[PDB]
Amino acid sequence: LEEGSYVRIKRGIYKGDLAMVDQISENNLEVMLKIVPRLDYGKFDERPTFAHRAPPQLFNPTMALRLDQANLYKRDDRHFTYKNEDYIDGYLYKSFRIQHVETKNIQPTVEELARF
């Protein structure tokens, strides 16, 4: 597990998705991951599940501004907090337990070769 390398997420709506390791935590049990988000911009709001997850697409802050500005906070250059998650230059940065990522024998998919 090294910063800058790829892992596959094992839990949640991002289960199965490829992610870059951004930062290994001080407590040595977590890892901040850079992830292509799966968002709806609050479209049908009044717990998401893996089975019903959205398609992956980079975060679009102007789309968030247009559709759900109440939940959008600018934090820095290219950094927004949207619905209490952080997006920097379009990617989600989210902490996962190291035990919830796969670091070994990852096989990039056709789709991942096209993207990354």
# chains A, B, ... in the order shown; residues from 1 in each chain; ligands from 1
>>> select_by_dssp(residues="chain A", states="helix (DSSP H, G or I)", output="number ranges by chain")
A: 50-52, 61-71, 98-100, 110-115
>>> residues_around(residues="region 29-31 of chain A", least_positions_apart="5", cutoff="8 Å", atoms="only C-alpha atoms", output="PyMOL selection string")
chain A and resi 21-24+95-99
>>> residues_around(residues="residue 55 (chain A)", least_positions_apart="2", cutoff="12 Å", atoms="only C-alpha atoms", output="list in words")
residues 13, 14, 17, 36, 37, 38, 39, 40, 50, 51, 52, 53, 57, 58 and 59 of chain A
>>> write_last_selection(atoms="N, CA, C and O atoms", output="compact mmCIF listing (two decimals), in the first residue's frame")
# COMPACT_ATOMS: atom_id res chain seq x y z
N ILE A 13 -21.07 2.11 -1.90
CA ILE A 13 -21.45 2.36 -3.28
C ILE A 13 -20.27 2.33 -4.22
O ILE A 13 -20.44 2.17 -5.42
N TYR A 14 -19.06 2.48 -3.68
CA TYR A 14 -17.86 2.47 -4.53
C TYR A 14 -17.23 1.08 -4.58
O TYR A 14 -16.14 0.91 -5.11
N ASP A 17 -14.80 -0.33 -7.34
CA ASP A 17 -14.20 0.75 -8.11
C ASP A 17 -12.71 0.88 -7.83
O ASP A 17 -12.24 0.65 -6.71
N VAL A 36 -13.57 8.40 -8.54
CA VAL A 36 -14.54 9.00 -9.44
C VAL A 36 -15.93 8.91 -8.80
O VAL A 36 -16.42 7.82 -8.51
N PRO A 37 -16.58 10.05 -8.55
CA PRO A 37 -17.83 10.02 -7.79
C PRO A 37 -19.02 9.41 -8.51
O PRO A 37 -19.06 9.33 -9.74
N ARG A 38 -20.01 9.02 -7.72
CA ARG A 38 -21.29 8.50 -8.21
C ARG A 38 -22.40 9.31 -7.53
O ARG A 38 -22.90 8.92 -6.49
N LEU A 39 -22.77 10.43 -8.15
CA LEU A 39 -23.64 11.44 -7.54
C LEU A 39 -24.90 11.72 -8.33
O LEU A 39 -24.93 11.51 -9.54
N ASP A 40 -25.90 12.27 -7.64
CA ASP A 40 -27.14 12.72 -8.26
C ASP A 40 -27.46 14.22 -8.09
O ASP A 40 -28.51 14.68 -8.56
N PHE A 50 -25.33 -0.11 -2.86
CA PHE A 50 -24.55 -0.54 -3.99
C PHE A 50 -25.43 -0.96 -5.17
O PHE A 50 -25.15 -0.60 -6.31
N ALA A 51 -26.50 -1.71 -4.89
CA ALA A 51 -27.37 -2.20 -5.95
C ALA A 51 -28.04 -1.08 -6.76
O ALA A 51 -28.38 -1.28 -7.93
N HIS A 52 -28.24 0.07 -6.13
CA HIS A 52 -28.96 1.18 -6.75
C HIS A 52 -28.08 2.40 -6.98
O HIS A 52 -28.58 3.51 -7.09
N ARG A 53 -26.77 2.19 -7.07
CA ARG A 53 -25.83 3.30 -7.19
C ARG A 53 -25.92 4.02 -8.54
O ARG A 53 -26.35 3.45 -9.55
N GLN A 57 -19.06 9.59 -12.55
CA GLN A 57 -18.80 10.76 -13.37
C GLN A 57 -18.10 11.77 -12.46
O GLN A 57 -18.45 11.89 -11.30
N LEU A 58 -17.11 12.48 -13.00
CA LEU A 58 -16.39 13.46 -12.20
C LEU A 58 -17.36 14.51 -11.65
O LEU A 58 -18.33 14.87 -12.30
N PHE A 59 -17.09 14.96 -10.44
CA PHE A 59 -17.90 15.98 -9.80
C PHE A 59 -17.84 17.25 -10.65
O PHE A 59 -16.78 17.63 -11.15
>>> residues_around(residues="residue 69 (chain A)", least_positions_apart="4", cutoff="10 Å", atoms="only C-alpha atoms", output="VMD selection string")
chain A and resid 41 to 42 61 to 65 73 82
>>> write_last_selection(atoms="C-alpha atoms", output="short mmCIF file (atom, residue, chain, number, x, y, z; two decimals), in the first residue's frame")
data_model
loop_
_atom_site.label_atom_id
_atom_site.label_comp_id
_atom_site.auth_asym_id
_atom_site.auth_seq_id
_atom_site.Cartn_x
_atom_site.Cartn_y
_atom_site.Cartn_z
CA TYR A 41 -26.83 16.37 -7.13
CA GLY A 42 -29.71 15.88 -4.70
CA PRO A 61 -19.24 22.10 -9.25
CA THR A 62 -21.27 24.26 -11.64
CA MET A 63 -23.86 21.52 -11.89
CA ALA A 64 -23.98 21.44 -8.07
CA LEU A 65 -24.24 25.24 -8.03
CA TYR A 73 -19.30 24.95 -0.04
CA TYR A 82 -20.82 18.93 -1.38
#
>>> closest_residue(among="A:92, A:18, A:1, A:7", to="residue 34 (chain A)", atoms="only C-alpha atoms")
A:92
>>> decode(residues="region 67-89 of chain A", atoms="N, CA, C and O atoms", output="PDB file, in the first residue's frame")
ATOM      1  N   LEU A  67     -28.013  23.156  -9.343  1.00  0.00           N
ATOM      2  CA  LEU A  67     -29.074  22.252  -8.913  1.00  0.00           C
ATOM      3  C   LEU A  67     -29.260  22.111  -7.403  1.00  0.00           C
ATOM      4  O   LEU A  67     -30.342  21.744  -6.952  1.00  0.00           O
ATOM      5  N   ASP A  68     -28.211  22.369  -6.628  1.00  0.00           N
ATOM      6  CA  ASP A  68     -28.272  22.110  -5.191  1.00  0.00           C
ATOM      7  C   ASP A  68     -27.288  22.989  -4.430  1.00  0.00           C
ATOM      8  O   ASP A  68     -26.463  22.500  -3.658  1.00  0.00           O
ATOM      9  N   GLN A  69     -27.341  24.298  -4.665  1.00  0.00           N
ATOM     10  CA  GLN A  69     -26.386  25.244  -4.117  1.00  0.00           C
ATOM     11  C   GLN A  69     -26.362  25.239  -2.586  1.00  0.00           C
ATOM     12  O   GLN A  69     -25.330  25.526  -1.985  1.00  0.00           O
ATOM     13  N   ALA A  70     -27.478  24.902  -1.929  1.00  0.00           N
ATOM     14  CA  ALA A  70     -27.533  24.927  -0.469  1.00  0.00           C
ATOM     15  C   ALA A  70     -26.546  23.954   0.159  1.00  0.00           C
ATOM     16  O   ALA A  70     -26.134  24.137   1.302  1.00  0.00           O
ATOM     17  N   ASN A  71     -26.173  22.920  -0.587  1.00  0.00           N
ATOM     18  CA  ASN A  71     -25.279  21.887  -0.073  1.00  0.00           C
ATOM     19  C   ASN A  71     -23.845  22.011  -0.558  1.00  0.00           C
ATOM     20  O   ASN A  71     -23.037  21.113  -0.315  1.00  0.00           O
ATOM     21  N   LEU A  72     -23.535  23.123  -1.223  1.00  0.00           N
ATOM     22  CA  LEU A  72     -22.243  23.330  -1.867  1.00  0.00           C
ATOM     23  C   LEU A  72     -21.429  24.402  -1.159  1.00  0.00           C
ATOM     24  O   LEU A  72     -21.893  25.532  -1.012  1.00  0.00           O
ATOM     25  N   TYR A  73     -20.210  24.043  -0.756  1.00  0.00           N
ATOM     26  CA  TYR A  73     -19.300  24.946  -0.044  1.00  0.00           C
ATOM     27  C   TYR A  73     -17.936  24.956  -0.710  1.00  0.00           C
ATOM     28  O   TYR A  73     -17.312  23.905  -0.844  1.00  0.00           O
ATOM     29  N   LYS A  74     -17.466  26.123  -1.134  1.00  0.00           N
ATOM     30  CA  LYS A  74     -16.108  26.205  -1.650  1.00  0.00           C
ATOM     31  C   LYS A  74     -15.114  26.232  -0.500  1.00  0.00           C
ATOM     32  O   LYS A  74     -15.297  26.968   0.474  1.00  0.00           O
ATOM     33  N   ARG A  75     -14.053  25.435  -0.629  1.00  0.00           N
ATOM     34  CA  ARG A  75     -13.058  25.278   0.429  1.00  0.00           C
ATOM     35  C   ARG A  75     -11.662  25.741   0.036  1.00  0.00           C
ATOM     36  O   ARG A  75     -10.848  26.059   0.900  1.00  0.00           O
ATOM     37  N   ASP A  76     -11.375  25.755  -1.256  1.00  0.00           N
ATOM     38  CA  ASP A  76     -10.042  26.097  -1.743  1.00  0.00           C
ATOM     39  C   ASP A  76     -10.133  26.146  -3.248  1.00  0.00           C
ATOM     40  O   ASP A  76     -11.215  25.978  -3.808  1.00  0.00           O
ATOM     41  N   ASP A  77      -9.001  26.376  -3.905  1.00  0.00           N
ATOM     42  CA  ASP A  77      -8.948  26.223  -5.337  1.00  0.00           C
ATOM     43  C   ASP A  77      -9.264  24.765  -5.672  1.00  0.00           C
ATOM     44  O   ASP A  77      -8.607  23.823  -5.201  1.00  0.00           O
ATOM     45  N   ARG A  78     -10.311  24.639  -6.469  1.00  0.00           N
ATOM     46  CA  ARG A  78     -10.820  23.388  -7.024  1.00  0.00           C
ATOM     47  C   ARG A  78     -11.365  22.414  -5.992  1.00  0.00           C
ATOM     48  O   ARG A  78     -11.631  21.273  -6.302  1.00  0.00           O
ATOM     49  N   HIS A  79     -11.586  22.894  -4.776  1.00  0.00           N
ATOM     50  CA  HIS A  79     -12.020  22.034  -3.677  1.00  0.00           C
ATOM     51  C   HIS A  79     -13.368  22.507  -3.166  1.00  0.00           C
ATOM     52  O   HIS A  79     -13.512  23.651  -2.726  1.00  0.00           O
ATOM     53  N   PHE A  80     -14.345  21.611  -3.236  1.00  0.00           N
ATOM     54  CA  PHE A  80     -15.687  21.867  -2.747  1.00  0.00           C
ATOM     55  C   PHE A  80     -16.116  20.775  -1.796  1.00  0.00           C
ATOM     56  O   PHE A  80     -15.768  19.615  -1.978  1.00  0.00           O
ATOM     57  N   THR A  81     -16.868  21.153  -0.776  1.00  0.00           N
ATOM     58  CA  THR A  81     -17.551  20.187   0.057  1.00  0.00           C
ATOM     59  C   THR A  81     -19.003  20.185  -0.391  1.00  0.00           C
ATOM     60  O   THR A  81     -19.662  21.220  -0.365  1.00  0.00           O
ATOM     61  N   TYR A  82     -19.471  19.040  -0.863  1.00  0.00           N
ATOM     62  CA  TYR A  82     -20.818  18.929  -1.384  1.00  0.00           C
ATOM     63  C   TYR A  82     -21.495  17.769  -0.666  1.00  0.00           C
ATOM     64  O   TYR A  82     -20.991  16.648  -0.685  1.00  0.00           O
ATOM     65  N   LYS A  83     -22.615  18.048  -0.009  1.00  0.00           N
ATOM     66  CA  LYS A  83     -23.274  17.069   0.853  1.00  0.00           C
ATOM     67  C   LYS A  83     -22.282  16.390   1.803  1.00  0.00           C
ATOM     68  O   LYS A  83     -22.275  15.164   1.963  1.00  0.00           O
ATOM     69  N   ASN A  84     -21.425  17.204   2.413  1.00  0.00           N
ATOM     70  CA  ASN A  84     -20.523  16.740   3.466  1.00  0.00           C
ATOM     71  C   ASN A  84     -19.460  15.754   2.996  1.00  0.00           C
ATOM     72  O   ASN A  84     -18.902  15.009   3.798  1.00  0.00           O
ATOM     73  N   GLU A  85     -19.186  15.747   1.694  1.00  0.00           N
ATOM     74  CA  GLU A  85     -18.049  15.011   1.140  1.00  0.00           C
ATOM     75  C   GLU A  85     -17.188  16.007   0.377  1.00  0.00           C
ATOM     76  O   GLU A  85     -17.676  17.019  -0.118  1.00  0.00           O
ATOM     77  N   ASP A  86     -15.892  15.707   0.306  1.00  0.00           N
ATOM     78  CA  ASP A  86     -14.925  16.579  -0.352  1.00  0.00           C
ATOM     79  C   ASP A  86     -14.565  16.150  -1.776  1.00  0.00           C
ATOM     80  O   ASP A  86     -14.255  14.970  -2.019  1.00  0.00           O
ATOM     81  N   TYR A  87     -14.626  17.109  -2.701  1.00  0.00           N
ATOM     82  CA  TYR A  87     -14.334  16.879  -4.119  1.00  0.00           C
ATOM     83  C   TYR A  87     -13.284  17.875  -4.537  1.00  0.00           C
ATOM     84  O   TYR A  87     -13.486  19.077  -4.395  1.00  0.00           O
ATOM     85  N   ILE A  88     -12.152  17.370  -5.026  1.00  0.00           N
ATOM     86  CA  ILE A  88     -11.054  18.218  -5.459  1.00  0.00           C
ATOM     87  C   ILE A  88     -10.750  17.906  -6.918  1.00  0.00           C
ATOM     88  O   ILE A  88     -10.450  16.766  -7.268  1.00  0.00           O
ATOM     89  N   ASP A  89     -10.882  18.920  -7.772  1.00  0.00           N
ATOM     90  CA  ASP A  89     -10.689  18.772  -9.212  1.00  0.00           C
ATOM     91  C   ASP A  89     -11.527  17.631  -9.791  1.00  0.00           C
ATOM     92  O   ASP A  89     -11.082  16.917 -10.690  1.00  0.00           O
TER      93      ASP A  89
END
